[PDB]
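> Have a look at this one.
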Number of protein chains: 2
Amino acid sequence: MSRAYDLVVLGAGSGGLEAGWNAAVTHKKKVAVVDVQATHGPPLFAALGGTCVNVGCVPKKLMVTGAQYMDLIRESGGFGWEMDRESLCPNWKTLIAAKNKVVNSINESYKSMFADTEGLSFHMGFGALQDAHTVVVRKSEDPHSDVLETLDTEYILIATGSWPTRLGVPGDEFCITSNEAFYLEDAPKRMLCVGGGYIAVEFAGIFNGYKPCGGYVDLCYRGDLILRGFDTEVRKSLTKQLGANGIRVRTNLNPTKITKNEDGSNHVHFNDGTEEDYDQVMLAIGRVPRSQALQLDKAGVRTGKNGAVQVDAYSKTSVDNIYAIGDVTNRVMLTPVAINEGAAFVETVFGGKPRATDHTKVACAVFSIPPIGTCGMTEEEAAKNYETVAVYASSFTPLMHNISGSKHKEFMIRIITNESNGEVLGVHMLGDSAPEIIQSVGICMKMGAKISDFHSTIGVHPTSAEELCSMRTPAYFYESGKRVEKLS
Amino acid sequence: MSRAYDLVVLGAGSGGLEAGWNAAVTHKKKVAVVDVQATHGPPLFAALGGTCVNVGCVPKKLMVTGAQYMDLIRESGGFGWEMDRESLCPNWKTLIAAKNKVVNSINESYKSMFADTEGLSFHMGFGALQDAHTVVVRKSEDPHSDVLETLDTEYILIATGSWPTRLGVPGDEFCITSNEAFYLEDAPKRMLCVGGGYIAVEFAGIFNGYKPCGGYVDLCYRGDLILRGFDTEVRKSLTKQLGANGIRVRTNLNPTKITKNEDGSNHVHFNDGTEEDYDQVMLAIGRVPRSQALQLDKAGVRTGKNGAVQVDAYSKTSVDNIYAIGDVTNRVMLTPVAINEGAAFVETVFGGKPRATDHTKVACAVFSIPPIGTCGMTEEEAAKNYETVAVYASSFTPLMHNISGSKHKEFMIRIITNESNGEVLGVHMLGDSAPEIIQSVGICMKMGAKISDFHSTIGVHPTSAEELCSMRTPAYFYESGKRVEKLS
Ligand SMILES: Cc1cc2nc3c(=O)[nH]c(=O)nc-3n(C[C@H](O)[C@H](O)[C@H](O)COP(=O)(O)OP(=O)(O)OC[C@H]3O[C@@H](n4cnc5c(N)ncnc54)[C@H](O)[C@@H]3O)c2cc1C
Ligand SMILES: Cc1cc2nc3c(=O)[nH]c(=O)nc-3n(C[C@H](O)[C@H](O)[C@H](O)COP(=O)(O)OP(=O)(O)OC[C@H]3O[C@@H](n4cnc5c(N)ncnc54)[C@H](O)[C@@H]3O)c2cc1C
Ligand SMILES: NC(=O)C1=CN([C@@H]2O[C@H](COP(=O)(O)OP(=O)(O)OC[C@H]3O[C@@H](n4cnc5c(N)ncnc54)[C@H](OP(=O)(O)O)[C@@H]3O)[C@@H](O)[C@H]2O)C=CC1
Ligand SMILES: NC(=O)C1=CN([C@@H]2O[C@H](COP(=O)(O)OP(=O)(O)OC[C@H]3O[C@@H](n4cnc5c(N)ncnc54)[C@H](OP(=O)(O)O)[C@@H]3O)[C@@H](O)[C@H]2O)C=CC1
Ligand SMILES: CCc1ccc(-n2c(-c3ccc(SC)cc3)cc(CN3CCSCC3)c2C)cc1
Ligand SMILES: CCc1ccc(-n2c(-c3ccc(SC)cc3)cc(CN3CCSCC3)c2C)cc1
Ligand SMILES: CCc1ccc(-n2c(-c3ccc(SC)cc3)cc(CN3CCSCC3)c2C)cc1
Ligand SMILES: CCc1ccc(-n2c(-c3ccc(SC)cc3)cc(CN3CCSCC3)c2C)cc1
């Protein structure tokens, strides 16, 4: 059969714009790409470029880079750099301004991409499914608003991503999320970050860097140790170093009631029954797939837990012509994962050579201060899945920190290997440059690197990374899930 | 036969202290270690710990880290950090002071290593050879000064390293080297670095950071492009960026005569017949192996060109019981190379399991601002002895530099592959975090990584290293030595 478009992508995101571009350029198909708005902005935060560009990776990193100067300016003193250190506080207003300039600049380059690419058209509005071949674009999220466009397509691709989750406590509406955090007029003096995940830990670092005079940031998590699912020794050292940096880490604590005050501040009720006032309260509870308004039922597309889209290894839904990638599938919620999922989708339906995304042994990072760089299994998980595992560990304060005054900044590397093989199953790093090192570590790992391949490599001196090639003797072992000091 | 010691190490350096420690601790041998002095200091700069610790890797990196703050403080302004930027210059003498404290505490750490290790003893003086089994320790470098100790040994190891080379021009003795650079009480306003190698480029960066008001650093090089043997596109982009940062790169220029003025400053005559005044003039001509005073002839050990000790793959000299490692062999003059050479020497003669150092595919770095991170062949060399080579290239100005103001800071990656099989022969990087990334790149290359292994790895976003996994189509090719735009 013959229709108007070959592909209609719902969501101009990291994955969406990858599949859209590739189909249109290398295969010269006719691709329509639907998104909510053109440039970044408060009313509906996401835009052209997805969460990555608008309210995610890109702006986050810039603000984490901005916050990192607080330490660096302090650290410079030991090396001979003298200036006014008296109540040295930063300008939040000129950070957001500069941030907006860059985000908008990327918003503009994606806009001119559509004009420069034949077959690639942008369609502003709220895309929703009608049937297996028809995507309806509406004026608002409300399914009774005006119908802007009716797109007739061979294939549909859902890349609408995810949305912040909120807790069902009274006064929920008075709290902000990562979305609102980007567009705050002023940096908060009294800041509460709720949750112990990626966003919570990262933004606690941002606010702590940009807090005004005498300000403070409280991170509160409902459990024992923050960042569940990461290397426990890394998590412990990270809690210790966030503390040393100023952030008051608060475990086994959770808000139950929030009330609005007359002066503007927020009154918060906790688990232990204590009461406190915070200028802003951010919720980093996690991200649920954004698919509750797409009407997947009307096409026969299976909706799992939290609205996730049931896909096979090749991203294909219950309907043979409809596909889904990125956060909306709830597999591995990262930008480069969604991009790979998109490029694979093109290679399959329009390329002739099908490929599935390798979701295993994927190197990711946490952009806290200091940052985490990880790839592979935790020692807890590898113990459950393997006969006998060796745990290599190394901690150090870099020589420069003896001069800088930040003697709390301990670089940590922990390698988890299969004892039988020698195969590296996990590498976990904490410290500066850790997200940069973990990248080429991940090239070794999916390549199937052994611990012998590491320490036989001649090091690069002086670097933090050279320590990867100096770990030969394991600290301890796991034997059939049991922690042992030596091998029987 | 049984003698006083089974190992005498001449030179307590990176290689020396590696072989010394290992023989004494893991194999319980009686190891004597000779070095010139105990702690770092001007008269004879090198000490316990070698050049690396005292007048090399360690103090250099610290000073480069301090100089890097000049940029970071300027870059902070765009992110919202306000301060007195008016005439902001650093304190050189408090940097040197802090540097000394760190170097000294390592000198002390090595001193208490000898006291805590049995069999391992330190012998202060000038070691020289008597015969195949006897090493004489003298009061001074003059071979007629008092004989301090006479050491009787089964095996001799030469790890005396290298020494700065000087150019045979009138006024040579008025110039400093890297040695004296560490102990100048004042930072020069008018600075000339002579040469285009590692030391020249790194120290030009240091002085440029630590110059007083209205000060300038001129780097002058004998040839056309600085840093021969490195990726030509990296060198060009470095020259451009050293320029942009303040360092005046002057090529095809070489001093001919130097005279000392009455005010203290130095008058320099150049290649183009021009005259100029510099407060200090550093010679980075290179490093010749330190072997002129050891009397290798007396024992029958072959000295090659420049005085380099001729050795086989296992570091064994002309005599079966005398060995040599590190800079003194003039193979690959790096610290971690000398360490590997030392650890192998022990494994061979005391471990019973012989091993040679893999001098090929060694990842190293240049700690300029911005720094270089390299591993493997240049495209010129790979063209000279391969059938067809593919040259992958990528240049980009990181997103944060749109806010910071340093839009000259371009990150560069160039991969050079054997087109036949896809094998990566060289990876060349220029920019921040480059020496940190290149480490785990060298693990891939030692494993024999293919270009497919790179671009198949899911990236880490946002980083500079994620670009390493996004290079798929080559920019151009080399076909039987000739530069081609495509394959015929
Ligand atoms: C604060 C934050 C920081 C992050 N930092 C990192 C990081 O540093 N590194 C990393 O790897 N990952 C990071 N992530 C995760 C990453 O942003 C996501 O995994 C990635 O964006 C997923 O890509 P996607 O295409 O599936 O979703 P998106 O890129 O978000 O694309 C979804 C798009 O679909 C559009 N859309 C929604 N509904 C409709 C509809 N009704 N019709 C049409 N269009 C619609 C939206 O406007 C949105 O722009 C971060 C996330 C957050 C929230
Ligand atoms: C300024 C500078 C910066 C450098 N930076 C780096 C870097 O960042 N990364 C890197 O990998 N490499 C770097 N290097 C090179 C590196 O330091 C050397 O390659 C390394 O030190 C070689 O080790 P070695 O044991 O052979 O020599 P050394 O470590 O220098 O040991 C030689 C020792 O022998 C002693 N000795 C000399 N003569 C006698 C004798 N007559 N009797 C007894 N003892 C004697 C000396 O006192 C000296 O301490 C740098 C070098 C310099 C000069
Ligand atoms: N690569 C990167 O740099 C980044 C990646 N991301 C991605 O996007 C996703 C965004 O998640 P983000 O919000 O951190 O949260 P993610 O789920 O990581 O983390 C959620 C955190 O909130 C806690 N939490 C969950 N529910 C509640 C509740 N009801 N009350 C209190 N606390 C609760 C969780 O604790 P518990 O462990 O007990 O469930 C967990 O610590 C991540 O999964 C990640 O994949 C996001 C930011 C940066
Ligand atoms: N890994 C690291 O971070 C470091 C490693 N090192 C090691 O120590 C060694 C020490 O030497 P380092 O200063 O680089 O210099 P190296 O010899 O590399 O470089 C010397 C530079 O000086 C130039 N030169 C040589 N002779 C003359 C002359 N007669 N007149 C003018 N210029 C001359 C050379 O130019 P030309 O190209 O024309 O010959 C070259 O550019 C290095 O080879 C390196 O192996 C040193 C410092 C840091
Ligand atoms: C018109 C052809 C084209 C292709 C790719 C990009 N692109 C892209 C790009 C962005 C999004 C997509 S689709 C999600 C595809 C390509 C990013 C970047 C940023 N950086 C630049 C230096 S080389 C490394 C990458 C660039 C340059 C731009 C234009
Ligand atoms: C007495 C026990 C001992 C032995 C060696 C080191 N060491 C050494 C070391 C290096 C070379 C030698 S032989 C030249 C001997 C000791 C180096 C470094 C640098 N380090 C690497 C590990 S994490 C922090 C940074 C360290 C910590 C320390 C303790
Ligand atoms: C000769 C045996 C030796 C060698 C290196 C170290 N070392 C070193 C070390 C690092 C690099 C080098 S390379 C010259 C040498 C020694 C660092 C640190 C970290 N230190 C931990 C205790 S409190 C202060 C911080 C330590 C402990 C110690 C002993
Ligand atoms: C296909 C449409 C397109 C292409 C390229 C960019 N882009 C981009 C770009 C950057 C990030 C993204 S989101 C991953 C998308 C595009 C950057 C730059 C310039 N420079 C390159 C080196 S990295 C810093 C910026 C450019 C030119 C944007 C959109």
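Letters for chains follow the order of the structure tokens (A, B, ...), residue numbers begin at 1 for each chain, and ligand numbers begin at 1 in the order shown.
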Pull out every residue of chain B that has at least one atom within 7 Å of chain A, counting only C-alpha atoms, and report them as JSON, numbers by chain.
{"B": [57, 62, 66, 69, 73, 76, 79, 80, 81, 82, 83, 84, 90, 91, 92, 94, 95, 98, 335, 336, 337, 362, 363, 364, 365, 400, 403, 433, 435, 436, 437, 439, 440, 441, 442, 443, 444, 446, 447, 453, 454, 457, 458, 459, 460, 461, 462, 463, 464, 465, 466]}
> Among stretch 266-486 of chain B, which ones does DSSP assign to alpha helix (DSSP H) (computed from the backbone)? Answer as a PyMOL selection string.
chain B and resi 335-349+379-384+401-404+434-446+451-455
> Quote the spacing between atom CA of residue A:251 and atom CA of residue A:221 in Å to one decimal place.
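The value is 4.9 Å.
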> Counting only C-alpha atoms and all ligand atoms, which protein, DNA or RNA residues come within 8 Å of ligand 4, given as a ChimeraX atom specification?
/A:460-461 /B:56-57,164,166-167,194-200,202,221-223,226-229,254-255,283-287,332-335,364-367
> Residues up to 6 Å from ligand 8, counting only C-alpha atoms and all ligand atoms: could you list those as a PyMOL selection string?
(chain A and resi 53+106+109-110+113) or (chain B and resi 396-399)
> Could you give me, as a list in words, the residues within 12 Å of residue A:292, counting only C-alpha atoms and dropping anything in the same chain fewer than 6 positions from it?
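In the requested format, the answer is residues 128, 129, 141, 142, 143, 160, 161, 162, 163, 303, 304, 305, 306, 307, 308, 309 and 328 of chain A.
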> So that I have them on file, write out the residues from the current selection with N, CA and C atoms, as a PDB file, in the first residue's frame.

ATOM      1  N   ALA A 128      -1.137  11.457  19.249  1.00  0.00           N
ATOM      2  CA  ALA A 128      -1.853  10.345  19.869  1.00  0.00           C
ATOM      3  C   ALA A 128      -2.298   9.374  18.778  1.00  0.00           C
ATOM      4  N   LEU A 129      -2.401   8.092  19.118  1.00  0.00           N
ATOM      5  CA  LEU A 129      -2.748   7.073  18.129  1.00  0.00           C
ATOM      6  C   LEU A 129      -4.250   6.978  17.858  1.00  0.00           C
ATOM      7  N   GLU A 141      -3.038  18.322  25.409  1.00  0.00           N
ATOM      8  CA  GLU A 141      -2.988  16.954  25.924  1.00  0.00           C
ATOM      9  C   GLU A 141      -4.391  16.354  26.085  1.00  0.00           C
ATOM     10  N   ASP A 142      -5.374  17.222  26.330  1.00  0.00           N
ATOM     11  CA  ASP A 142      -6.788  16.844  26.417  1.00  0.00           C
ATOM     12  C   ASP A 142      -7.286  16.277  25.080  1.00  0.00           C
ATOM     13  N   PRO A 143      -7.741  15.007  25.081  1.00  0.00           N
ATOM     14  CA  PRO A 143      -8.144  14.301  23.854  1.00  0.00           C
ATOM     15  C   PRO A 143      -9.434  14.815  23.204  1.00  0.00           C
ATOM     16  N   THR A 160       8.280   8.963  23.309  1.00  0.00           N
ATOM     17  CA  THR A 160       7.771  10.048  24.146  1.00  0.00           C
ATOM     18  C   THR A 160       8.468  10.149  25.510  1.00  0.00           C
ATOM     19  N   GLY A 161       9.344   9.190  25.803  1.00  0.00           N
ATOM     20  CA  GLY A 161      10.188   9.240  26.995  1.00  0.00           C
ATOM     21  C   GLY A 161       9.468   9.039  28.316  1.00  0.00           C
ATOM     22  N   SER A 162       9.898   9.790  29.328  1.00  0.00           N
ATOM     23  CA  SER A 162       9.387   9.637  30.688  1.00  0.00           C
ATOM     24  C   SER A 162       9.058  10.972  31.354  1.00  0.00           C
ATOM     25  N   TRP A 163       8.471  10.894  32.547  1.00  0.00           N
ATOM     26  CA  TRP A 163       7.976  12.054  33.287  1.00  0.00           C
ATOM     27  C   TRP A 163       8.236  11.841  34.784  1.00  0.00           C
ATOM     28  N   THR A 303       0.369  -2.239  27.230  1.00  0.00           N
ATOM     29  CA  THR A 303       0.871  -1.365  28.289  1.00  0.00           C
ATOM     30  C   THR A 303       1.137  -2.160  29.573  1.00  0.00           C
ATOM     31  N   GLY A 304       2.406  -2.207  29.979  1.00  0.00           N
ATOM     32  CA  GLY A 304       2.831  -2.958  31.162  1.00  0.00           C
ATOM     33  C   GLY A 304       2.749  -2.164  32.454  1.00  0.00           C
ATOM     34  N   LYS A 305       3.733  -2.364  33.330  1.00  0.00           N
ATOM     35  CA  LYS A 305       3.785  -1.665  34.618  1.00  0.00           C
ATOM     36  C   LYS A 305       4.278  -0.230  34.453  1.00  0.00           C
ATOM     37  N   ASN A 306       3.561   0.701  35.084  1.00  0.00           N
ATOM     38  CA  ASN A 306       3.851   2.141  35.019  1.00  0.00           C
ATOM     39  C   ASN A 306       3.636   2.771  33.637  1.00  0.00           C
ATOM     40  N   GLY A 307       2.992   2.025  32.742  1.00  0.00           N
ATOM     41  CA  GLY A 307       2.718   2.495  31.386  1.00  0.00           C
ATOM     42  C   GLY A 307       3.785   2.129  30.367  1.00  0.00           C
ATOM     43  N   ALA A 308       4.751   1.312  30.784  1.00  0.00           N
ATOM     44  CA  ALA A 308       5.832   0.867  29.906  1.00  0.00           C
ATOM     45  C   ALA A 308       5.291   0.125  28.689  1.00  0.00           C
ATOM     46  N   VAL A 309       6.008   0.226  27.576  1.00  0.00           N
ATOM     47  CA  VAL A 309       5.569  -0.391  26.330  1.00  0.00           C
ATOM     48  C   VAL A 309       6.255  -1.741  26.127  1.00  0.00           C
ATOM     49  N   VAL A 328      10.358   5.341  27.340  1.00  0.00           N
ATOM     50  CA  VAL A 328       8.964   4.888  27.281  1.00  0.00           C
ATOM     51  C   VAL A 328       8.831   3.358  27.385  1.00  0.00           C
TER      52      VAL A 328
END
> Select from chain B every residue with an atom at most 12 Å from any atom of ligand 6, then for each give the shortest pair of atoms and their distance in Å to one decimal, using only C-alpha atoms and all ligand atoms, rows by chain and rising number, as CSV.

residue,atom,partner,partner_atom_place_in_ligand_line,distance
B:11,CA,ligand 6,14 (C),10.9
B:12,CA,ligand 6,14 (C),8.1
B:13,CA,ligand 6,14 (C),6.4
B:14,CA,ligand 6,14 (C),4.1
B:15,CA,ligand 6,14 (C),5.8
B:16,CA,ligand 6,14 (C),6.6
B:17,CA,ligand 6,14 (C),4.3
B:18,CA,ligand 6,13 (S),3.6
B:19,CA,ligand 6,13 (S),7.3
B:20,CA,ligand 6,13 (S),7.7
B:21,CA,ligand 6,13 (S),6.5
B:22,CA,ligand 6,13 (S),8.1
B:23,CA,ligand 6,13 (S),11.1
B:24,CA,ligand 6,13 (S),11.8
B:25,CA,ligand 6,1 (C),10.1
B:33,CA,ligand 6,14 (C),12.0
B:48,CA,ligand 6,14 (C),10.0
B:49,CA,ligand 6,14 (C),6.9
B:50,CA,ligand 6,14 (C),8.6
B:51,CA,ligand 6,14 (C),11.0
B:52,CA,ligand 6,14 (C),9.2
B:53,CA,ligand 6,14 (C),9.4
B:58,CA,ligand 6,19 (C),10.8
B:106,CA,ligand 6,17 (C),9.8
B:107,CA,ligand 6,16 (C),11.9
B:109,CA,ligand 6,1 (C),8.7
B:110,CA,ligand 6,15 (C),8.3
B:111,CA,ligand 6,1 (C),11.0
B:112,CA,ligand 6,1 (C),8.9
B:113,CA,ligand 6,1 (C),6.3
B:114,CA,ligand 6,1 (C),9.6
B:115,CA,ligand 6,1 (C),10.8
B:116,CA,ligand 6,1 (C),8.3
B:117,CA,ligand 6,1 (C),8.6
B:159,CA,ligand 6,14 (C),11.2
B:326,CA,ligand 6,14 (C),11.4
B:335,CA,ligand 6,14 (C),8.8
B:336,CA,ligand 6,14 (C),9.0
B:337,CA,ligand 6,14 (C),11.1
B:338,CA,ligand 6,14 (C),8.8
B:339,CA,ligand 6,14 (C),6.3
B:340,CA,ligand 6,14 (C),9.8
B:341,CA,ligand 6,14 (C),11.0
B:342,CA,ligand 6,14 (C),8.6
B:343,CA,ligand 6,13 (S),8.9
> Quick one: distance from atom 29 (C, counted along the ligand's line) of ligand 5 to atom CA of residue B:389 in Å, one decimal?
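Pair atom 29 (C, counted along the ligand's line) of ligand 5 / atom CA of residue B:389 returns 25.5 Å.
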> Give the strand (DSSP E or B) residues of stretch 355-473 of chain B, as assigned by DSSP on the backbone, as a PyMOL selection string.
chain B and resi 364-366+372-376+388-396+411-418+423-430+450
> Write a file of the just-selected residues containing N, CA, C and O atoms, as a CSV table (one decimal), in the first residue's frame.

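Result file again_14.csv:
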chain,number,residue,atom,x,y,z
B,364,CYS,N,51.1,7.2,26.5
B,364,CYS,CA,51.7,8.2,27.2
B,364,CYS,C,50.9,9.5,27.1
B,364,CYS,O,49.9,9.6,26.4
B,365,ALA,N,51.4,10.6,27.8
B,365,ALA,CA,50.7,11.9,27.7
B,365,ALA,C,51.7,13.1,27.8
B,365,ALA,O,52.8,12.9,28.2
B,366,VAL,N,51.2,14.2,27.3
B,366,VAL,CA,51.9,15.5,27.4
B,366,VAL,C,51.1,16.4,28.2
B,366,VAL,O,49.9,16.7,27.8
B,372,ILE,N,47.8,16.5,25.9
B,372,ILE,CA,47.7,15.5,24.9
B,372,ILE,C,47.7,14.1,25.5
B,372,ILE,O,48.3,13.8,26.5
B,373,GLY,N,46.9,13.2,24.9
B,373,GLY,CA,46.8,11.8,25.3
B,373,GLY,C,46.9,10.9,24.1
B,373,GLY,O,46.0,10.8,23.3
B,374,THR,N,48.1,10.2,24.0
B,374,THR,CA,48.4,9.4,22.8
B,374,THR,C,48.7,8.0,23.1
B,374,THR,O,49.3,7.7,24.1
B,375,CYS,N,48.4,7.1,22.1
B,375,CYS,CA,48.8,5.7,22.2
B,375,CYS,C,48.9,5.1,20.8
B,375,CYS,O,47.8,4.9,20.1
B,376,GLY,N,50.1,4.7,20.4
B,376,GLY,CA,50.2,4.0,19.1
B,376,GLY,C,50.9,4.8,18.0
B,376,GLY,O,51.6,5.8,18.3
B,388,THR,N,47.0,-0.5,3.5
B,388,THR,CA,46.0,0.6,3.4
B,388,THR,C,45.6,1.0,4.9
B,388,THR,O,45.3,0.1,5.7
B,389,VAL,N,45.7,2.3,5.2
B,389,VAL,CA,45.3,2.8,6.5
B,389,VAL,C,44.1,3.8,6.4
B,389,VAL,O,44.1,4.7,5.5
B,390,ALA,N,43.2,3.7,7.3
B,390,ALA,CA,42.1,4.7,7.4
B,390,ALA,C,42.3,5.7,8.5
B,390,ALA,O,42.7,5.3,9.6
B,391,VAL,N,42.1,6.9,8.2
B,391,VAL,CA,42.3,8.0,9.2
B,391,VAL,C,40.9,8.6,9.6
B,391,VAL,O,40.2,9.3,8.8
B,392,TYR,N,40.5,8.3,10.8
B,392,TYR,CA,39.3,8.8,11.4
B,392,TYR,C,39.6,10.1,12.2
B,392,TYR,O,40.7,10.2,12.8
B,393,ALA,N,38.7,11.1,12.1
B,393,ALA,CA,39.0,12.3,12.8
B,393,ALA,C,37.7,13.0,13.3
B,393,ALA,O,36.6,12.8,12.7
B,394,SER,N,37.8,13.7,14.4
B,394,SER,CA,36.7,14.4,15.0
B,394,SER,C,37.3,15.6,15.9
B,394,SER,O,38.2,15.4,16.7
B,395,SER,N,36.7,16.8,15.6
B,395,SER,CA,37.0,18.0,16.4
B,395,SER,C,35.7,18.6,16.9
B,395,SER,O,34.7,18.7,16.2
B,396,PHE,N,35.8,19.1,18.2
B,396,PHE,CA,34.6,19.7,18.8
B,396,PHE,C,35.0,20.6,20.0
B,396,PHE,O,35.8,20.3,20.8
B,411,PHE,N,38.4,20.1,21.5
B,411,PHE,CA,38.8,18.7,21.8
B,411,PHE,C,39.0,18.0,20.4
B,411,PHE,O,38.1,18.1,19.6
B,412,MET,N,40.0,17.2,20.3
B,412,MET,CA,40.4,16.5,19.1
B,412,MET,C,40.6,15.0,19.4
B,412,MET,O,41.3,14.7,20.3
B,413,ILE,N,40.0,14.2,18.5
B,413,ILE,CA,40.4,12.7,18.5
B,413,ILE,C,40.6,12.3,17.1
B,413,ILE,O,39.9,12.6,16.2
B,414,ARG,N,41.8,11.6,16.9
B,414,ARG,CA,42.1,11.0,15.6
B,414,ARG,C,42.5,9.6,15.8
B,414,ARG,O,43.5,9.3,16.5
B,415,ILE,N,41.8,8.6,15.2
B,415,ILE,CA,42.1,7.2,15.2
B,415,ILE,C,42.7,6.8,13.9
B,415,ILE,O,42.2,7.1,12.8
B,416,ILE,N,43.8,6.0,14.0
B,416,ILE,CA,44.5,5.5,12.8
B,416,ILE,C,44.4,4.0,12.8
B,416,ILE,O,44.9,3.3,13.7
B,417,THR,N,43.8,3.4,11.7
B,417,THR,CA,43.5,2.0,11.7
B,417,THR,C,44.2,1.3,10.4
B,417,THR,O,44.3,1.9,9.4
B,418,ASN,N,44.5,0.0,10.6
B,418,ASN,CA,44.8,-0.9,9.5
B,418,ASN,C,43.5,-1.2,8.8
B,418,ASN,O,42.8,-2.0,9.3
B,423,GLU,N,42.1,-3.0,12.5
B,423,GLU,CA,42.9,-2.9,13.8
B,423,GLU,C,43.3,-1.5,14.0
B,423,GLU,O,43.9,-0.8,13.2
B,424,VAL,N,43.0,-1.0,15.2
B,424,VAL,CA,43.4,0.4,15.7
B,424,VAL,C,44.9,0.4,16.0
B,424,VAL,O,45.4,-0.3,16.8
B,425,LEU,N,45.7,1.2,15.2
B,425,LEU,CA,47.1,1.3,15.3
B,425,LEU,C,47.6,2.5,16.1
B,425,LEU,O,48.7,2.5,16.7
B,426,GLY,N,46.7,3.5,16.2
B,426,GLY,CA,47.0,4.7,17.0
B,426,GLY,C,45.7,5.5,17.3
B,426,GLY,O,44.8,5.7,16.5
B,427,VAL,N,45.7,6.0,18.6
B,427,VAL,CA,44.7,6.9,19.0
B,427,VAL,C,45.3,8.2,19.6
B,427,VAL,O,46.2,8.1,20.5
B,428,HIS,N,44.9,9.4,19.1
B,428,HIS,CA,45.5,10.6,19.4
B,428,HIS,C,44.5,11.6,19.9
B,428,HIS,O,43.5,11.9,19.2
B,429,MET,N,44.7,12.2,21.1
B,429,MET,CA,43.7,13.1,21.7
B,429,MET,C,44.3,14.3,22.2
B,429,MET,O,45.4,14.3,22.8
B,430,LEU,N,43.6,15.4,22.0
B,430,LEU,CA,44.0,16.7,22.6
B,430,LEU,C,42.9,17.4,23.3
B,430,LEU,O,41.8,17.6,22.7
B,450,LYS,N,39.8,-3.4,17.5
B,450,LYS,CA,39.4,-3.0,16.2
B,450,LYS,C,38.4,-1.8,16.2
B,450,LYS,O,37.8,-1.6,17.2
